[PDB]
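Engineer: Any chance you can model this:
(chains A, B, C, D and E)
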Amino acid sequence: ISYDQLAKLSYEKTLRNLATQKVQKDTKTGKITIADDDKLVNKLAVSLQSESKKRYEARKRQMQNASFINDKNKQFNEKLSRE
Amino acid sequence: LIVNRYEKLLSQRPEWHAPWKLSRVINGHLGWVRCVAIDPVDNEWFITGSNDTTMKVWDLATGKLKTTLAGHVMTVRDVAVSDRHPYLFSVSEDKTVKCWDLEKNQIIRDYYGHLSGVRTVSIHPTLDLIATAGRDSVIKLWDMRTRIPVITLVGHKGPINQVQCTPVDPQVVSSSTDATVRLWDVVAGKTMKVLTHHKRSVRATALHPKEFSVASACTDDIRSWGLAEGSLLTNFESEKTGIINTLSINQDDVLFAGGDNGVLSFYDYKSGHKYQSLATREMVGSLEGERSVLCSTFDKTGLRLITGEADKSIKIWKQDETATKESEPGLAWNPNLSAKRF
Amino acid sequence: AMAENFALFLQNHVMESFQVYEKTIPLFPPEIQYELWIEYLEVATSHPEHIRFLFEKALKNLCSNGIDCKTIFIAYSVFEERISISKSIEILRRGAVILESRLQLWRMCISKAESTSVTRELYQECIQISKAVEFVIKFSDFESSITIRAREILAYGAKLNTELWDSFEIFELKXXXXXXXXXXXXXXXXXX
Amino acid sequence: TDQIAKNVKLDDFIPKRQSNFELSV
Amino acid sequence: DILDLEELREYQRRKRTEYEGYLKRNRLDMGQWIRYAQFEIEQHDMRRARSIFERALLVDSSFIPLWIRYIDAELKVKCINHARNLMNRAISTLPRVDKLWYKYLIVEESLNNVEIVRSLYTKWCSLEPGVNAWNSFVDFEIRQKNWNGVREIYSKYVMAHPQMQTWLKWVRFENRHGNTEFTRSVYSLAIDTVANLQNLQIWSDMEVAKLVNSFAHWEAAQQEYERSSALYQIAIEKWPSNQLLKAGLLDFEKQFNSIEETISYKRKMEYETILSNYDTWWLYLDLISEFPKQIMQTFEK
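Structural biologist: Numbers count the residues shown, from 1 in each chain, chains lettered A, B, ... in the order given. Coordinates below:
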């Protein structure tokens, strides 16, 4: 799977996470003030943190699963064994 | 809109060029012939820079070893005879850009400054000033008389595999590994325009002689670029061919590209039409990865291609004078359309 | 549509059941494998190259059934036989060769192949394709019918548990040295 | 609104010879 | 442990010095950059984090993950305009990567600035992107309740991807659509376009065959089989090399004669048979089916 597909497929996913539940320009300054809902941005912030948190804890679990000497080697032998 | 363009393409006809055959082979060096450069004033002799470091000068007509020159230490990655004045510039991984004088067969002036093993030299056509660029990711500009670096065209964010000096405003075309190419306001010390239409190392560039353009290579695609505006001109049909090492264009719009596959490509420079593939041979003892054309240039005539291959061979190619539109036509050109660049 | 086929078969007595067959084909709704099969059955009993073509269509289209693939194969090979022959056994074999449905298939192949140089080839195929071990026993037996080559085959099979010992023993009947080998190989197996 | 990535545009992709060969540069 | 303010300042300094030092050696270790930026974020000094990101970007633009991380960091502190501006900039830099565009899109969607997402989508599609972009856009424009302007983009989605899969997808959409008139209209359009660019300048015979089949079955659902028949005749007329086409036609005939079906289909089987090598079976079949001149000529052969 390429990063082309994995992007669109992850795009499709977070659209399902959405599916759960004005422009004003001063052309002299060039400042395009898009006044939008402050509640929705907060809902993005919390959701995005939660998504990253979910992933963060996902590694933590997978790190705590278990012919080596030190932390790295064990994993390096695991990088060899997967092949 | 794609259908329009495609239709237009099909309407036009890429002209027939005579195909090529392996005319001469020279097992001259004891290394890779990473540099080749041919005298543009007389079209008599062409020199080739080995990995041995002994750049050797070769007569065309006979084919014999005219003479060796060995002033460098490490692989002579590039050389460049100046038609304007009788000075053979060269350059190695030893960071030297030694300027030979052929009126004496010695070296005259070294150009110290380069931080890392310089890959390419290009002399300015209308000045006594030469351009050089290497792993430093910097295309320097030397005043020859005074042997100082005048200016340093910083910009590129990675080594700078080729360079081409032109006479116009965009005096330098800098082709880097950085998956870019640059045109420079040399006087300003600034890239006037920066084409970036490459996925990979832009590691083989060539100025067209009578067009004022420059073809560049990537891992596969071989764009051809019109350096007046700083505009694209033509995508090519290099879709399956290898990593292009060198890319010397002929006088008669016959753009050459040299494969790390080993396969000699051949394009109509105007269109992009791959009008000949030619899988090269290796010398009897070699290994099958070694057949890799690492250098290339055409004569003043344009009827002799010279190719510095890694088989320690300096292969030369004639266009067939027995050829016609029925006796060996091209490879039946077809724009593929499969989400393609054309 | 079965009902339609039946009524049609009865009162009109295969043209009413031919378009009934078409109806079944056209009923692209579920329980369609059965329908196709039934139609095929009727089409052979009511009586031809058209029929064969239909069969082929059914096969190609009903490949992701995972249910009566062996049966389907039988229908095909059988049909071919009726028309005619041994390449049709290879057709059946092919159908059978292409997990647990495929197991049944392979048994079908075995049956066909025992019914069958070409036989040898078939044996080689089926054997090559846990079930594999059983297949090996089959083809090894086949070799036993077809002394050196057979022995080799047996050995190969063994190399692929205790029912294999029995097979080896049997082979040894088909030789004192051979028996000694059997002891050797058996011992080796035990070691493993 | 006609400003989102105004720096990029498709005509840079377009080869200016593929349409019209012998576009004498 | 980290009690008072000045002490925290010292900690910040020391940490920075470490991070800075490690960056100095390997200017490129984006893992190290992004880690450092995370540190900045943690410290709740946003400006410094931004600076770090900028520097990181400069060092290596092509590393997409860095961009994503920066974006999300910006989002985190509800500094949405900065995120948006940055994302626009990312797009400008690397438009041909998709994940940036998708990141932008999701951001805007969550924002519920639906007009802007339409507008941007128009831009992205206009750059002749991957089919994926088009499809996602369509999904968005279907998730958007309306069914107009979508039509235009479908029309353009052919313009960028003249692929029969595109056409088929469009037809599928019209199947969802209530008005059947447009379905037929779309078919007519597609067929017309195929006709116009008849010569070898598109997809293979396969795609066209598929199209013809689809059309035929649509009509089959509809009333006018006369027109289907006409199309078939036209198709065989307009196109040579009609193995696929003939096959489809045969199938239709079977559905909707028998001798013909057996004949052409069987013949095809012989061709197929020939391709394999049951060559005897082929010849025999020909003999039976025939025409008899071609039976005996091909028999001889």
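Engineer: Give me the distance between the residue of chain C found nearest chain D and chain E.
Structural biologist: Nearest residue of chain C to chain D: residue C:64, at 42.2 Å (C-beta to the nearest C-beta). Heads up, the C-betas are built off the backbone N, CA and C, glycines and all. Going from residue C:64 to chain E by C-beta to the nearest C-beta, to the nearest Å gives 19 Å.
Engineer: same question, residue C:88
Structural biologist: Distance from residue C:88 to chain E, by C-beta to the nearest C-beta: 8 Å.
Engineer: Skipping adjacent residues, who's closest to the residue in the stretch 151-300 of chain B that chain C sits nearest to in space?
Structural biologist: Per C-beta to the nearest C-beta, residue B:240 is where the stretch 151-300 of chain B lies closest to chain C, at 33.2 Å. Spatial nearest neighbour of residue B:240, chain neighbours left out: residue B:220 (7.3 Å); criterion: C-beta to C-beta, 6 or more residues apart in numbering or on different chains.
Engineer: Residue 14: neighbour count?
Structural biologist: In the absence of a named chain, chain A is used. 18 (other C-beta atoms under 10 Å in any protein chain shown).
Engineer: meant chain E actually
Structural biologist: Quick note: residue E:14 (other C-beta under 10 Å) scores 10 neighbours.
Engineer: Just the element for it, please.
Structural biologist: helix E:5-25 (DSSP states H and E).
Engineer: for residue E:284, same thing?
Structural biologist: helix E:279-289.
Engineer: just checking, what packs against that helix?
Structural biologist: Other helices and strands packing on helix E:279-289, by 3 or more C-beta pairs under 8 Å, 6 or more residues apart in numbering or on different chains; DSSP states H and E, are helix C:49-61, helix E:258-276, helix E:292-300.
Engineer: wait, which of those helices is closest to residue B:125?
Structural biologist: helix E:258-276 (60.9 Å; C-beta to C-beta).
Engineer: Identify the residues contacting the closest one?
Structural biologist: In this structure, residues lying in contact with helix E:258-276 by C-beta atoms under 8 Å, 6 or more residues apart in numbering or on different chains are C:18, C:49-50, C:53, C:56, E:243, E:246-247, E:250, E:253-254, E:279, E:281-282, E:285-286, E:289.
Engineer: what is the orientation angle of it with helix C:49-61?
Structural biologist: 60 degrees (axes from the mean of the first three to the mean of the last three C-alpha atoms, to 10 degrees).
Engineer: Helix E:258-276 vs helix E:279-289, what angle?
Structural biologist: Using the same axes, to 10 degrees: helix E:258-276 against helix E:279-289 is 160 degrees.
Engineer: Buried residues, helix E:258-276. List them.
Structural biologist: Using 16 or more other C-beta atoms under 10 Å in any protein chain shown as the test for burial, helix E:258-276 gives E:261-267, E:269-270, E:273.
Engineer: From the contact counts, what lies against the helix or strand harbouring residue E:248?
Structural biologist: Element membership for residue E:248, per DSSP H and E: helix E:243-255. Other elements packing on helix E:243-255 under the criterion 3+ C-beta pairs under 8 Å, 6+ apart are helix E:205-221, helix E:225-238, helix E:258-276.
Engineer: Tell me which residue of chain D lies closest to chain A.
Structural biologist: residue D:1 (6.9 Å).
Engineer: from memory that residue sits against residue A:24, does it?
Structural biologist: No - with contacts counted by C-beta atoms under 8 Å, residue D:1 stays clear of residue A:24, the gap being 12.0 Å.
Engineer: between those two, which one's more packed in?
Structural biologist: residue D:1 (13 against 9).
Engineer: quick one: the more buried one and chain C, what's the gap?
Structural biologist: To chain C, residue D:1 is 48 Å away according to C-beta to the nearest C-beta.
Engineer: swap in residue B:69?
Structural biologist: Distance, residue B:69 to chain C, by C-beta to the nearest C-beta: 65 Å.
Engineer: on contacts alone, who are the packing partners of the helix holding residue E:14?
Structural biologist: helix E:30-43.
Engineer: Name the residues of chain C found near chain E, please.
Structural biologist: For chain C, the residues found near chain E under the criterion C-beta under 8 Å from any C-beta of the partner chain are C:18, C:22, C:25-26, C:49-50, C:53, C:56, C:87.
Engineer: and the residue nearest to the spatial centre of chain E, what does it touch?
Structural biologist: With distances taken as C-alpha atoms, centre = their mean, residue E:131 lies nearest the centre of chain E, 2.6 Å away. Contact analysis of residue E:131 by C-beta under 8 Å, 6+ apart lists B:339, E:161, E:163, E:165-166.
Engineer: Over to residue B:121?
Structural biologist: When contacts are counted by C-beta under 8 Å, 6+ apart, residue B:121 touches B:78-80, B:89-91, B:97, B:130-132, B:163.
Engineer: thinking again about what came up before, okay, the angle between the helix holding residue E:248 and helix E:205-221?
Structural biologist: Calculated by the same axes, to 10 degrees, helix E:243-255 forms an angle of 20 degrees with helix E:205-221.
Engineer: ok, and what's touching helix E:243-255?
Structural biologist: Contacts of helix E:243-255 (C-beta under 8 Å, 6+ apart): C:22, C:25-26, E:205-206, E:208-210, E:212-213, E:216, E:220, E:228, E:232, E:235-236, E:239, E:260-261, E:264-265, E:268, E:271.
Engineer: In the stretch 151-300 of chain E, which residue sits nearest chain C?
Structural biologist: The nearest approach of the stretch 151-300 of chain E to chain C comes at residue E:262, 3.9 Å away (C-beta to the nearest C-beta).
Engineer: what helix or strand is residue 62 on?
Structural biologist: Let's take chain A. helix A:38-63.
Engineer: one step back: name the residues of the helix holding residue E:248 that are buried.
Structural biologist: Neighbour-count burial for helix E:243-255, counted by 16+ other C-beta under 10 Å, picks out E:244-246, E:248-254.
Engineer: Stretch B:56-69 now?
Structural biologist: B:56-58, B:60, B:69.
Engineer: Repeat that for stretch A:24-31.
Structural biologist: Using 16+ other C-beta under 10 Å, none of the residues of stretch A:24-31 count as buried.
Engineer: Help me see whether that stretch makes contact with chain E, please.
Structural biologist: No - judged by C-beta under 8 Å from any C-beta, stretch A:24-31 makes no contact with chain E; its nearest approach is 9.6 Å.
Engineer: quick revisit: can you state the direction angle for the helix holding residue E:284 and helix E:292-300?
Structural biologist: Using the same axes, to 10 degrees, helix E:279-289 lies at 170 degrees relative to helix E:292-300.
Engineer: Residues touching helix E:279-289, excluding its own?
Structural biologist: So helix E:279-289 is in contact with C:49, C:87, E:262-263, E:266-267, E:269-270, E:273-274, E:294-296, E:298-299, going by C-beta under 8 Å, 6+ apart.
Engineer: Report the closest residue of chain C relative to chain B.
Structural biologist: Counting by C-beta to the nearest C-beta, chain C gets nearest chain B through residue C:60, at 28.3 Å.
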